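Q: let's see this in three dimensions:
(chains A, B, C, D, E, F and G, ligands or ions: 4)
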Amino acid sequence: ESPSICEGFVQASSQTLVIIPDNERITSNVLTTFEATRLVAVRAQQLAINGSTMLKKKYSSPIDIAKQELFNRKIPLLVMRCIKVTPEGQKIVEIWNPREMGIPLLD
Amino acid sequence: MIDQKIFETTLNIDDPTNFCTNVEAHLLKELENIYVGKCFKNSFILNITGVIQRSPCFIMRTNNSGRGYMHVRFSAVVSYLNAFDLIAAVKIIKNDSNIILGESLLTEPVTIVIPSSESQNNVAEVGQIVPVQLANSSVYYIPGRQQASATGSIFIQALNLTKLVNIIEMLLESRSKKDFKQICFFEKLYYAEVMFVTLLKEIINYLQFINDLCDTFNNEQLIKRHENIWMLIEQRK
Amino acid sequence: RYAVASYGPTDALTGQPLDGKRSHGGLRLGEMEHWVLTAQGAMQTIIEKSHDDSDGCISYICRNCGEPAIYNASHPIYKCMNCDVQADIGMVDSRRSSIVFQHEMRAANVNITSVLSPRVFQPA
Amino acid sequence: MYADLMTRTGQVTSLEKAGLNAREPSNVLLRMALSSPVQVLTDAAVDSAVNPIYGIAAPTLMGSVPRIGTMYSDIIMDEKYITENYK
Amino acid sequence: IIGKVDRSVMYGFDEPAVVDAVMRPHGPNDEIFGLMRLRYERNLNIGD
Amino acid sequence: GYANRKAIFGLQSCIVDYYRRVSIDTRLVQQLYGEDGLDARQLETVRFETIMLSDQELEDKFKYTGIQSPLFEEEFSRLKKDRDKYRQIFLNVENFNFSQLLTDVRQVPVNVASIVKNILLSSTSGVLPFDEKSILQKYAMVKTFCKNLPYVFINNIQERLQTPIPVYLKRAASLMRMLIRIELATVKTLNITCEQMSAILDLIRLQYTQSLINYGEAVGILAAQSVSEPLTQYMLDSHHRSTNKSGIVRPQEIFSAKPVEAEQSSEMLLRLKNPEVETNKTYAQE
Amino acid sequence: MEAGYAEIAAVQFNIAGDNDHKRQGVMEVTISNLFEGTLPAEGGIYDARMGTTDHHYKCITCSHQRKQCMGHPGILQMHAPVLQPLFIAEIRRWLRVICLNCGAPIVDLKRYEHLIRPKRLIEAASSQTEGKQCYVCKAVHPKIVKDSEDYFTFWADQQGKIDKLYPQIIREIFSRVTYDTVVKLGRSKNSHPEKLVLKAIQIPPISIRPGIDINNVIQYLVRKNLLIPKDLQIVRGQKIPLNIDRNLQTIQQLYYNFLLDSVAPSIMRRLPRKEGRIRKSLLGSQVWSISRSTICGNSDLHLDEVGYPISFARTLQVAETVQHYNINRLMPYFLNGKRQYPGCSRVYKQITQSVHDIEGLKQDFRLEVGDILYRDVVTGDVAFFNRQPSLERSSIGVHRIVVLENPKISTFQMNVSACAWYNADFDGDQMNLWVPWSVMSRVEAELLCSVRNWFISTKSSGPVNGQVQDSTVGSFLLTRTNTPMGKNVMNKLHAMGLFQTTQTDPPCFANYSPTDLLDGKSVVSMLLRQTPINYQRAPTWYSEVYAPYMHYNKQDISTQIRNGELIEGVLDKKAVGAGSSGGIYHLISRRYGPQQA
Ligand SMILES: [Mg+2]
Ligand SMILES: [Zn+2]
Ligand SMILES: [Zn+2]
Ligand SMILES: [Zn+2]
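A: Residues are numbered from 1 along each chain as shown, chains lettered A, B, ... in the order given. Ligands and ions are numbered 1, 2, ... in the order given. Below you will find the coordinate block:
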């Protein structure tokens, strides 16, 4: 009996974001090439949809502007890294800063 | 009835750069744009109170749109209708609607329908105002609709209960503030914890009914305009 | 030799482009190409090729029961057939082949419910 | 990596469908993608199996895109930075 | 080519062709059909 | 194709997590990716000088005698200890293998000898005048760098806070520590000044950081691809081979976890006891 | 309202009961007629409420124009119940376990408390269990046998007397099962055997059966359902009239062949095998904006460059979103249209949310900020370059586009040394190439999938690229000590000409008079000075097999490079060859990065 829904606790309990203190993070302080590439791609798409920038040197493509923002440490994004899914509905992340963190080769 | 309620929802942000400049104001504006005047999760959400919890503005992972979502957990004041509640005014729209229904101009947008099986039915006309009592079949708070849907008919632990008795005390002040000759005329026309709760609910229903009856009929000429209902109830003594 | 633009005949069933140059649309990124792109950790070229340049669609899952929902923002319909009143429709990016697959399985009376990632709120 | 995958359960598990059942029993979608989707689908239905979405095949068969590579780490917007600088 | 009424067919290929054929043959079902032949002038291109 | 697809679906779920462990969903497959946490594209083969040297040869070459401080006795004892550990581990590895011989060439992220050579070539000064203070300072900073080497696997913050390092992280950087000790020995950095030595150390740290595996890298597919191709050439070599190892039969036995009965080319290699009685062929034959 | 973004975290497979269908289906199928006129019949199996297979009409249910509508399930209430075709074995295993007269289990359940849930029911069913007696109603247990002519028929024999187990009887028996028996037998609540019998099957959404083949079986099923009387109350031993027996058997076989025929192609036949739904539509896909052609060599292309024929560069397009910074650069693209190169044929105006062809925009002349323009692929753009089968990690890489504006060239041109990435040759091989048009994919392609990343093999940690064939032997001839005519020297003009096609910054020959004989190794050292390395190995030229014969020049049998100055020896496969670990290109990669390599 029952249509697989009435007893179905399908709605997962909402999670609370716990941010690990800045002195407790144990992940690399250097952007992995995946993370740097994702940051550049997100920033460049957002410049395509919006167009605003903090650069002084004006470029003719959002890719170049986002790449320089990552290189010149003005990209307005925060890489958050998540390490847990606790049964207590408590997602454990540590929010890193791409401006403070090192930058891989990418070239 | 009105009561604040917490709602959890996920927004979508088509320009996260502009969104985060004034994050809280943008969240309030978007929640007002999306959630006011519409039913949600067995509620109506009359007004948006400030948010309680909100998420960081993530970026949509699964699509290359570059947008973000952000989860929002906010409180909002809603309007709910219980069983056999008393709303004092309905306004009919169409005469080719022989099933007899109408629209409500009160601060609880509800499409009200009245069955055509009772004696006091099929006699009304378009543009007249008639009090209607909700039936026992509850209220359909379907979502995405600018007004709720309902059915109705023409009317014929100690400190926990302190909050309930607190509401009725302020409602009495609402009755005294407004003009009392209309209230007197209308009252002449209509003349442990669980039982306390239901008794208090009935008291609330009747007192809110008389107050809304006083409010609904701003000027006295409509009373003669809608005089065909006075006899309709008076014959039912 | 063959070269195709972003438009062409699409499969009636899956919504994917047709097969080869003869059907005026197609060319395939099979299993191996997806393995290679994942090994490179592409996941933005995989998104683009597999969704934007293929059978891309936006599913809706009620999030209150996990069953697919009925949503349309132009003609307003925010409803579910399992909890109607308590619907919490969520926009889920997906592919039309995946939805067709889920419908094939559901038609075999094995019900599919998607849990959906729970909402995360930073502390007050 | 090959050896650590097979020996991760304390027993030598093969790369065949039996080994995939032994290592990832709850990943119904992955085993469906590997071989014999109807049989493993029947088994998942009768077992009421819940398949958490991870890896490559499980989100691919669901139409999503796997959380590996470029999209392993989530990206959020720095409200403080935009507020202080962009306007 | 062979406009038929709309159920006409197009060319389709990206290489232009010169037409030398117009016939209306009587098929097995005695009905008339199109059967137009196109000619392509092929030099030894790079990649042949 | 058959073998590769089976292997791919076996391994595809193995993804490097934020700890550089290889994990399925959340269950571990590996404590560290290659047990060193290094990308396969960032490896260079360099010889370890001290491995084959006799004890007196080691003392002749690597023992520093220009200063009577016991710090250099400690440094040379550390070199000898590292050489002995390498010999022991790889002699054991040779022991439980058929014909895997010990070699002193190993793949490491940073070629310390090349970096030392480059800095020495670019050095303005030639033979540096003797200076005990600078030599002791250089030794101290090399030792501190080697002590802080496992912190390339965590970050600079836990390096500043000097928080404890997990044991496996210390073990992962043991080979790089050994190479750095061998190549930055005081007998080899006499002409390298303190500024040039600090430059060498930061360059080594940077190249180590750039050699680590990425978070989220789909390493399982990498392993499946890397092992699938050699099978193609392996069976194409069956027509040189005859103990039925022809075809994918042996790879089938390995990958399908076939039991002992299912084996067709089973072998044992048993060592004769009493290592002074196994040098003769007659006793071995009997 | 607004549907906020969400991601799927888990999938739960459950058996769908009759309530599942009844509450999930959008309507009920009552009439067997497919089409009235040229439109679907309301209440028919093609009813538009279940989806749309035509651009003419919308879904009614969701009001979407086909591509935006995923289909919605339909419900057909069977006049007589049917067994679930997928779970016939599960029904059989449940029947033999449980008593058919009271709903209580007759197998000793306490003996299975120590077993995992998946194993309990199958182990209990594996027992003998025949001829047993119930402990609460004393009814003896008939033995269950499967018919040898069909899969869904159960014969219950009580010591010899044979009676067919009908779906109604089976449904009642399962409705007699208590939840405690299901739980104690290693089955979840949602796997109650009551769900294994269907009174209302689900008519699948027409979106998965488009085009008017498996709809034939659906229509046949509805027609044969209409033939059954609406109140076929079959008790055990009823002995219903034989016509009803064949009609019910036909309905059951029709449903079974609708689900698992040959497992017409049924639903389940669509899934397995390579051409199935999974291995073809899910694990792979067909894509747009992709081109395929025959590869060919081009010695004048950089290793990270591909020769894209111009005819293709106008077919494939790159989406450039107009903003304030790129207005002036994008204007020449817009003006050219399809008439010139570089041009563009598309415009996506956001305010109108519409796409316009460039030959219909003679009066627009204006691109707003936020407009999307689809311009042609110009030289310098990144493009993915793939040869199938994609065995290696380097089988897909990104090359900078070099557009060959010769209209007579249609082959993909690559440097010969770039073949080691794809294991390709030019004997007729074809490689797919697609240009990323989105900003995200372009960024990723240039930063992550560029072929400079795959210069060092992931498989073997050595370099994949190098000199092959004519470059290896050419390097040997260039660096060998003695030509047959004498010493290997060249005048100033020819040493100058060696550097013509390198495309780097040419060295300085002002120190050399026109009559100065530049050595063979001096010119190599001139190039290697830009990336000085140290290398010392025996060349492949010096082999001990050849050594007893031939005179080996002493200056050729030891290649030795000191700080990028080639001192002695020759360059051959060991030094410059492809795949050579420790070669000069490997060292250049190690010290200066793979791009300089
Ligand atoms: Mg070939
Ligand atoms: Zn729902
Ligand atoms: Zn629809
Ligand atoms: Zn019984």
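
Q: for the closest residue to residue B:156 other than its chain neighbours, give its distance to chain C.
A: Closest residue to residue B:156 in three dimensions, ignoring its sequence neighbours and counting by Cβ to Cβ, 6 or more residues apart in numbering or on different chains: residue B:236, at 5.8 Å. For every residue, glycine as well, the C-beta is placed using N, CA and C. As defined by Cβ to the nearest Cβ, to the nearest Å, residue B:236 lies at a distance of 35 Å from chain C.

Q: could you report the neighbour count for residue B:236?
A: Residue B:236: 10 surrounding residues under other Cβ atoms under 10 Å in any protein chain shown.

Q: hmm, it is touching residue B:154, no?
A: No: counting by Cβ atoms under 8 Å, residue B:236 sits too far from residue B:154 to count as a contact (9.6 Å).

Q: and residue 90, how many neighbours?
A: In the absence of a named chain, chain A is used. The number of residues packed near residue A:90 is 13, by other Cβ under 10 Å.

Q: hmm, I had chain C in mind actually
A: For residue C:90, using other Cβ under 10 Å, the count is 27.

Q: same question, residue F:85
A: 12.

Q: helix, strand or coil for it?
A: Secondary structure, DSSP: H, G, I helix; E, B strand; the rest coil: residue F:85 is helix.

Q: separation between the residue nearest to residue G:151 when sequence neighbours are not counted and ligand 2?
A: Excluding the flanking residues, the one nearest residue G:151 by Cβ to Cβ, 6+ apart is residue G:88, at 5.6 Å. Residue G:88 is 31 Å from ligand 2, where distance means Cβ to the ion, to the nearest Å.

Q: I'd guessed residue G:88 sits against residue G:150; true?
A: No: with contact defined as Cβ under 8 Å, residue G:88 does not reach residue G:150; the gap is 10.0 Å.

Q: quick check, residue G:382 in contact with residue G:442.
A: Yes: contact criterion Cβ under 8 Å: residue G:382 and residue G:442 qualify, at 6.2 Å.

Q: circling back: what about residue G:88 and residue G:150, which has more around it?
A: residue G:88 (19 against 11).

Q: in chain D, which helix has the most residues?
A: helix D:37-47 (DSSP state H).

Q: packing partners of it?
A: With contacts taken as 3 or more Cβ pairs under 8 Å, 6 or more residues apart in numbering or on different chains; DSSP states H and E, helix D:37-47 sits against strand C:110-114, helix D:28-34, strand G:10-15.

Q: helices of chain C, residue ranges please.
A: Under DSSP H, chain C gives helices at C:31-39, C:45-47, C:96-107.

Q: hmm, I was thinking of the stretch 251-400 of chain G
A: All helices of the stretch 251-400 of chain G, identified by DSSP state H, counting those that start in this stretch, fall at G:310-315, G:327-336.

Q: most tightly surrounded among the ones you listed?
A: Neighbour counts (mean count of other Cβ atoms under 10 Å in any protein chain shown) averaged over each of the helices of the stretch 251-400 of chain G peak at helix G:310-315, with a mean of 21.
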